[PDB]
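Trainee: Return a 3D structure for these sequence lines:
(2 chains, ligands or ions: 7)
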Amino acid sequence: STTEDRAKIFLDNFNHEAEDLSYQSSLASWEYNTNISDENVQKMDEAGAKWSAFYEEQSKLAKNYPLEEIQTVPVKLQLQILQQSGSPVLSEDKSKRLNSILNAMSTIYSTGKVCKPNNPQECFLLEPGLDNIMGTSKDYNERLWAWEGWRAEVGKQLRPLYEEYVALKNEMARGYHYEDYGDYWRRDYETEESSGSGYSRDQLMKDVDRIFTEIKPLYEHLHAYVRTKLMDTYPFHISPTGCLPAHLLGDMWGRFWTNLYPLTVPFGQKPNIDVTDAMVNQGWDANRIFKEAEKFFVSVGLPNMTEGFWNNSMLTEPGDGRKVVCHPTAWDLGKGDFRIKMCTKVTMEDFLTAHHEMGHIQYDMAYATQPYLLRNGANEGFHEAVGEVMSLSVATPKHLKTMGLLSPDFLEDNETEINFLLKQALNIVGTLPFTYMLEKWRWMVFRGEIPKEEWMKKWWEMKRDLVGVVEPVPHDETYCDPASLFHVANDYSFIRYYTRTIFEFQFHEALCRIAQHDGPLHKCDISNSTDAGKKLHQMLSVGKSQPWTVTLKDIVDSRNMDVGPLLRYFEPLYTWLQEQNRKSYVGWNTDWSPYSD
Amino acid sequence: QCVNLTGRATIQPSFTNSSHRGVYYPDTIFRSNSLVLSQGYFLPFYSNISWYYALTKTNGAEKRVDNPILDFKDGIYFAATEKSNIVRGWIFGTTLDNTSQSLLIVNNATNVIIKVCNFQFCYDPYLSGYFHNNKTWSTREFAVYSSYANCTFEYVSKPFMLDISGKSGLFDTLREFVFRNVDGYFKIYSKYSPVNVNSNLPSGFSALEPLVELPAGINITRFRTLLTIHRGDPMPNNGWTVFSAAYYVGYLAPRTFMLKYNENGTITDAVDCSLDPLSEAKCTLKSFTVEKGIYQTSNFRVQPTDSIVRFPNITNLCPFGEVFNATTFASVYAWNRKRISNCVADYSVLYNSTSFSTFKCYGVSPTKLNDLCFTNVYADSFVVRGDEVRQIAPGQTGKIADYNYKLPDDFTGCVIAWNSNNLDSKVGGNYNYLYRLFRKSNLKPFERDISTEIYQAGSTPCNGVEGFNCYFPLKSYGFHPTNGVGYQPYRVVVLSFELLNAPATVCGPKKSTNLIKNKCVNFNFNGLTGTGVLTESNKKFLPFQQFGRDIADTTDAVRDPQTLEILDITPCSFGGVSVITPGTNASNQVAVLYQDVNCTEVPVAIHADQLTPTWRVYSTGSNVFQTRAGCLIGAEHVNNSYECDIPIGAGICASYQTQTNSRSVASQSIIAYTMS
Ligand SMILES: *[C@@H]1O[C@H](CO)[C@@H](O[C@@H]2O[C@H](CO)[C@@H](O)[C@H](O)[C@H]2NC(C)=O)[C@H](O)[C@H]1NC(C)=O
Ligand SMILES: *[C@@H]1O[C@H](CO)[C@@H](O[C@@H]2O[C@H](CO)[C@@H](O)[C@H](O)[C@H]2NC(C)=O)[C@H](O)[C@H]1NC(C)=O
Ligand SMILES: *[C@@H]1O[C@H](CO)[C@@H](O)[C@H](O)[C@H]1NC(C)=O
Ligand SMILES: *[C@@H]1O[C@H](CO)[C@@H](O)[C@H](O)[C@H]1NC(C)=O
Ligand SMILES: *[C@@H]1O[C@H](CO)[C@@H](O)[C@H](O)[C@H]1NC(C)=O
Ligand SMILES: *[C@@H]1O[C@H](CO)[C@@H](O)[C@H](O)[C@H]1NC(C)=O
Ligand SMILES: *[C@@H]1O[C@H](CO)[C@@H](O)[C@H](O)[C@H]1NC(C)=O
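Mentor: Residues are numbered from 1 along each chain as shown, chains lettered A, B, ... in the order given. Ligands and ions are numbered 1, 2, ... in the order given. The protein structure is shown below:
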C-alpha cells in the first residue's frame, strides 16, 4: 500500500486516543468551568498540558505524511487541520509567558469592579453586578462614572500586556505559515480548488467587506432611529446627524443593544413579546425551557436530549456552592456526552441563548459520527449559526402562541411584527458593525500596519466610520478600550459572530424555503417541519469533513455568502425605517463629539 | 341395582354418514381471518357415525334404550339432540366405575350445572316425565340418578335457555355438539337451533359456534349414554317407554380442518383434510375453492396422531445465570468461549427480560429456538459500544467485525446485547476493556486475536515501540458513567448456536413425552419436527450421531437419547400425489395419486385401513387406476382415449368431461376419457 492508507490508519489511531483522553480533558475543563476550587487548578493543569502534549506530538509525527499524496478529501482536510496546527514556534519561556498572559487576562477581567471613591469597598462585579448599570439605570452621570472607571480598571493593567500579547500572537502565527494572527484566525474558512474553488482568506476579506457594504444602510437607518428615540429620553447628548455616545448603549462596552428595546419600541403600549412574568407564574424553569427546546427539536426532526444531558450538565447554581463563571457555553466533550452551562434566567435573550447552545448541541450530535479532528463546526461561523437560527425561529411570536408560551389575546398585526423585528434588529444588526469593526481592527492590529501609538485613534475612528459610535473620552493610548470585552480578554475569534449572523439568515432563508412556511421570514417558525429539519441535518452532518462552501452550496444552492437574506428578513422593517427617519437624516457625522461639544 | 329387563336391545349400530356436520371453532376471539390448516382433535367428515334409533312406533319398534360401550379416545361428536327434551343428561365416566370420575352433561334448560363429583352407579340410570301444566311434563322424576359428593370439579351458573316443549316434526333439531376435555379446556360447543328433516343426519353446513370453556381438564378415554323412558304417558299403554328419538354417536380423531375465521371465527366451507382427495386438495390450496386441473395435495391423508418429542433427560441448570449476571468482564479482543456443555437452558426467557437491548438473531428466531435444540453452543461474552453493537451483526463489517470478533454470514444462532451502565463505568474512566482497531487483514469468523503485536504499519521495524509510523492496536474503550448512549458500556453475549449430526447437548425446557409404539405421529425428538410412523427398525446407523438423512434429507433415523435406541421414521403417507381431475364442477367424485408403490399396499403400508368410509368407497375398495407416475384408487380404466392436450389429468387423458348426457343419475365423473 501507499502512504494514504498509512495516513488513514494514523488518523484512525489519533481519533480514537483523541476521544479517549480528550474526553476527560474536556470533562475536567467542564469541572473547573462549573466549580472553582484549588484542586481543579491541577485539573486544568492536566486537562491542558497533557492534552496539548499528546495532540502536539501526534501532529508533530504527522509532519512526514504528505498532504498532496492524499486522494481522500476528508482525510485531506484532516491533514490540513492537524499538520497546519503544528508545533508552536515560540520557545518554552515565550509560550509559558503567553499562557501566563492569557491567565492574567482572564483573572483580571473576571474580577473587575467599578467602585465609588467615597465607598470603594461596596461595589459590584461586571456580571451580574455591572450589566444593569448600562441598562435601565437612568441619570447617566453614574453611567459615565462606571464607563470611565471600567475603562481605567481594564486599561491601567492591560494596555501594555495586550500590546505585547499582540506581538507574541503575531510571532506564533508567523511560524505557522500564516502572515499574521488574523490569518490564523481565518484559516478555518479554507477550501480547495476541486470543490470550494480555493477560497483563500483574501476571498474572506473581500467577502466580509462586500457583506458589510450593503448592511451599512440598514444599520444607518437603525442608528438614526435609535438617535431619534434617545433625543427625548436623553437631552442634547446626541447629535441629530452625528454619532451616538458609547457609554449609552444597551450593555457595557456597547456590545448588545438588548435593553435599548424598552427605550426604542415605537408602539409597545399594546401587549407584546415580553412573557417574563408569565415565565415566572407558569413554573417554566431552566429545565422546562429545555424540555420546550426538545419538543421544538423533535418537531423539526433533530435528535433529542440524551440521558447524560438529563443527569449531568447543570446550568445554574446547583445550591451546593459550585461557583461558576457562567457564560452561554455548549460542550462537545467528544465520544457521546454533551453539556450546557450558563446562569440560566427566564428572560427572552437568555431563552434564545438556551435554544442557541441547545442547537449547538444538536449540531455536535449531528456530526458526532465524524472523526474527532473533524468534530468541530463546518467553519467558525456555522457552529454558532445553527444554534442562532434555531433561537431565531423559536423566538417568533406565532411559535410562542402555538406551544402555549404567549398569551391567547396577542395580536399578529403589522406593528407588533415590526416591534419584534426591531428587537431582532437590535440584537443582531446593532452587533453586525460592532463585530465587523472589532474583527477588522484585530486584523489591522495583527497585520501590524498600525503601530501601538495609534491603535486607539484608529479604534475610535472606525467606531465613527463603520459602526458610527462616539465616546466621551478617547482615553488617549494609556487604556485598552477594545480589550474589556469577554471574547477579546480570553482571545476568542470574533469573526465567529459576524459570519454567524451572515449565515444566520441564509440558513433561515433555507428554513423558510424548504419548510415553505408563509410570511417573509418573520413569522416563519420552523417547528413541525421534518423535511427542512432533516435537510438541515445533512447540512450539519457533513460538518467540517466537506468544506463549508460546498455545504452552503448544498443548503441554499449558493456556494458563497450574501446579504440578500438580510433584505428578505428585514425589508418591512427597512421600508418602515425610511418612513420613520424621514424627519432625521440617515447616517452619522464624526464631527460631533461629547468631548468636542 | 338396575336389571336388564324387557325393552333392551343388542348393539345393532347404524353406521351411517357423518355428513358435513359438526365443526367447532377453536380460538373463540376473532383472528386475522387466515384460511390456514387447523390441526388437532377434530371430527371426521362423513365417517361411520353410529346412529341408534330409539323409536316407539310399535311397542318394541327396535327400541335403542340400550347402554352400549362407546370409546372416547380424543373426543366425541354427539348429536343426541331433540327439542322434545328426551334422553337429556349423560354420564361420561372415564371407565364408568366408582374409581372413574363422571363428567355429566346437561342439555336441558331447567338446571345448567356441570359437576363431576363421584357418581357411582349401576349399569342403567333412568329419567321420566308424566304431567305438568307448563309444557314441561315434570321432566325431573323421583329416582336415584346416582349421587354427588366431594366434587373435584364444579360449574354452577344460571339455568339458561337450551330447549323446551316438543319438536313440531320428526327431528326438528340442529343442536349438535362436540366434547373433548384437555389441558383445562372443555368444549361444550353447540349449535342450538331447529332444523327439520324426515329421518336422517342432515347435511347442513357445520358452523357450530363456541359456547363455553371449562377448566376441568380431566382425561376421558371411554364414556356411556343415558336414556329417559316416560312413565306417565309416552303412549296410552302407560308403560316405561322412551319417546320417538334418533340419536347419534361419533368420535373425534387427530386431523385437520380448513377454517376461514372471517367474521369472529365463522366459516364458509369447512373442509376436513382427511375426507377425500378433493378435501386434501382444498387443504393444500389454503383457500375455500377447488381449482381445475392436475393438482398435488399435502401429505395429510392420515394426520399425525400425537406430537411426540424426545429430548435428552438432562435436567441441568445452565451457566446462563452467570452469563447475563457475569462477573467475567472480557473485551472484544479477549472474547470468551464459555461452552455450556450438556444442559437445559431457559431459552427465550432472557428475551422476556425487559432490561435487555438487542436480541437480533439472524438465522434462528427466538420462538423456534425453544423447541429446536442445539448440538453445540458458545457464549461469546464481552464488551462493545453502541455503534459496535450495530457493528457486531454478521452482515456488517467494520473495526469491531473485520479487526475483531467476526461473525459468519449465516451463523445459525443469535446475539444479545444490553447496557452495562453503572456496571462497567468508572468515574475516572474504565480503561480496563480494550479493542484491536488494527490488523494486517480482516478476521475470519470466530478467530481469537490476543496478539498485541506492533502491527507493523508501513515498513517500520518497531520491535516494542510506537514510532511515527508504528501504532498500538490494543487500545482501550475509555468508558465513563457520564458518557453518552452511543459510547455507553454495552455487554454483549453472542449466543452462537450450531446443530450438527452430533447428539444434542443444551436444550429447551419441556417434558419429553413417552414414545409411541407404531402410529403416524408428529415426531419432534431433538427438535426435528416432521410426520411419520415411529418404528423400531434397525439400519446401518453410526451409534454416536442422531440426525439421519435417508434420501433427499428424508431423515428416517433418529436416536432416542434415553435408551440410546434408533427409532426410524417411516412416513404414514408418501408424496408424489396428483389429483387427476378435481371436483370444482359437477364431477363430485375424486381420486388422487398416492405412490409408485402399488395400491394394494395402501391399507397396510400407506395405512388407510382404519380411515373413514369415504376412503373406503373412494380410496380403499373402489376402482383402481395406474400410470407411469404411480397408482391411485377412485378412477377406473377405459379403452377409449384421444390426443392428450390440456394439462389436466397427469399423463393419461382425463379432464373435466361431462357424463350427464349419457345418464343424469350421477352427473359427471372422473373417467379418463380425454384431456379436453
Ligand atoms: C467542586 O469542584 C471539584 C472539582 O475540582 C469537585 O470535586 C471534588 O472537590 C472536593 C473539594 O472539596 C474534593 O474533596 C473531592 O475529592 C473532589 N471530587 C473528585 C475529585 O472526584 C466538587 O464536587 C465540586 N463541588 C461540589 C460541591 O460538587
Ligand atoms: C440476575 O440479575 C437479575 C437482575 O439484574 C435478577 O433479577 C431477575 O430475577 C428473575 C427471577 O426472580 C428473572 O426471571 C429475571 O430474568 C431477572 N432479571 C430481570 C432483568 O428481571 C436475577 O435474580 C439475578 N440472578 C441471579 C442468579 O443472581
Ligand atoms: C428521545 O426520543 C425518543 C423517541 O421518542 C424517546 O424514546 C426518548 O425517551 C427521548 N429521550 C429523552 C426525552 O430524553
Ligand atoms: C442522574 O442519575 C443519578 C443516579 O441514577 C442520580 O443520582 C442523579 O440525581 C440523576 N440526575 C438528575 C436526575 O438530574
Ligand atoms: C406543531 O408545533 C406546535 C408547537 O408550536 C405543537 O404544539 C403542535 O403539537 C405541533 N403539531 C401540530 C399538528 O400542530
Ligand atoms: C404596517 O402597519 C401599519 C399600522 O401600524 C399599517 O397601517 C400598515 O398598513 C402596515 N403595512 C402594510 C404594508 O400593511
Ligand atoms: C414473554 O414470554 C411469553 C411466554 O410466556 C411470550 O408469549 C411473549 O411473547 C414473551 N414476551 C415478548 C415481548 O415476546
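Trainee: And the contacts of stretch B:22-36?
Mentor: Residues outside stretch B:22-36 that contact it (CB atoms under 8 Å, 6 or more residues apart in numbering or on different chains) are B:38, B:40, B:42-43, B:77, B:79, B:176, B:178, B:187, B:189, B:206-210, B:213, B:250, B:257-267, B:270, B:272, B:286-288. For every residue, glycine as well, the C-beta is placed using N, CA and C.
Trainee: Buried among the residues you listed? Need that as a selection in ChimeraX.
Mentor: Selection command for ChimeraX covering only the buried members of the contacts of stretch B:22-36, criterion 16 or more other CB atoms under 10 Å in any protein chain shown:
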select /B:38,40,42,43,77,79,176,178,187,189,206,207,208,210,250,257,258,259,260,261,265,267,270,272,288
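Trainee: which stretches of the stretch 51-200 of chain A form strands?
Mentor: Assigned by DSSP state E, counting those that start in this stretch, the stretch 51-200 of chain A shows strands spanning A:113-114, A:124-125.
Trainee: from those strands, which stretch is densest packed?
Mentor: Of all the strands of the stretch 51-200 of chain A, strand A:113-114 has the most neighbours on average by mean count of other CB atoms under 10 Å in any protein chain shown, namely a mean of 19.
Trainee: For it, enumerate the helices and strands it packs against.
Mentor: Counting contacts by 3 or more CB pairs under 8 Å, 6 or more residues apart in numbering or on different chains; DSSP states H and E, strand A:113-114 packs against strand A:124-125, helix A:141-174.
Trainee: Please convert the ones you listed to CSV, extending it with distance to chain B.
Mentor: Listed next are the helices and strands packed on strand A:113-114 as CSV, based on distance: least, CB to the nearest CB, whole Å:
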stretch, distance to chain B
strand A:124-125, 31
helix A:141-174, 25
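Trainee: Quickly compare those and say which is most buried.
Mentor: Mean neighbour count, computed with mean count of other CB under 10 Å, is highest for helix A:141-174 among those, reaching a mean of 18.
Trainee: Just list what it packs against, helices and strands only.
Mentor: Checking 3+ CB pairs under 8 Å, 6+ apart, helix A:141-174 ends up next to helix A:92-109, strand A:113-114, helix A:181-186, helix A:432-447.
Trainee: Any buried residues in whichever helix or strand comes after the last one, and which?
Mentor: I take that to be helix A:432-447. Scanning forward in sequence from helix A:432-447 by DSSP states H and E, the next helix or strand is helix A:455-462. Residues of helix A:455-462 classed as buried: A:455, A:456, A:458, A:459, A:460, A:462 (neighbour count, 16+ other CB under 10 Å).
Trainee: Go ahead and confirm the first one touches residue A:442.
Mentor: Read that as residue A:455. No. If you go by CB atoms under 8 Å, residue A:455 and residue A:442 don't touch, sitting 10.6 Å apart.
Trainee: separation between the closest residue in space to residue B:472 that isn't next to it in sequence and residue A:408?
Mentor: Spatial nearest neighbour of residue B:472, excluding adjacent residues (CB to CB, 6 or more residues apart in numbering or on different chains): residue B:466 at 5.2 Å. Look at residue B:466 and residue A:408: by CB to CB, to the nearest Å, they are 66 Å apart.
Trainee: Between those two, tell me which one has more neighbours.
Mentor: For the pair residue B:466 and residue A:408, the greater number of neighbours falls to residue B:466 (14 against 6), based on other CB atoms under 10 Å in any protein chain shown.
Trainee: how about the residues of the stretch 301-450 of chain A near ligand 5?
Mentor: Counting by CB under 6 Å from any ligand atom, the positions of the stretch 301-450 of chain A adjacent to ligand 5 are A:399, A:402, A:403.
Trainee: mind giving me the domain ranges of chain B?
Mentor: What automatic domain parsing lists as the domains of chain B is B:1-28+B:41-252, B:312-511.
Trainee: Of the ones you listed, which is nearest ligand 5?
Mentor: The closest of the domains of chain B to ligand 5 is domain B:312-511. By CB to the nearest ligand atom, the value is 26.0 Å.
Trainee: Quick one: end-to-end length of that closest one, please.
Mentor: For domain B:312-511, the first-to-last residue distance is 10 Å (CA to CA, to the nearest Å).
Trainee: Quick check: which of the helices and strands packed on helix A:141-174 has the most neighbours on average?
Mentor: Note that of those, helix A:181-186 is the most buried (mean count of other CB under 10 Å), with a mean of 24.
Trainee: hmm, who's touching the helix or strand just after that one?
Mentor: The first helix or strand that comes after helix A:181-186 along the chain, using DSSP H and E, is helix A:201-213. Residues outside helix A:201-213 that contact it (CB under 8 Å, 6+ apart) are A:183, A:186-187, A:189-190, A:432-433, A:436, A:439-440, A:443, A:466, A:495, A:498-499, A:502, A:560-563.
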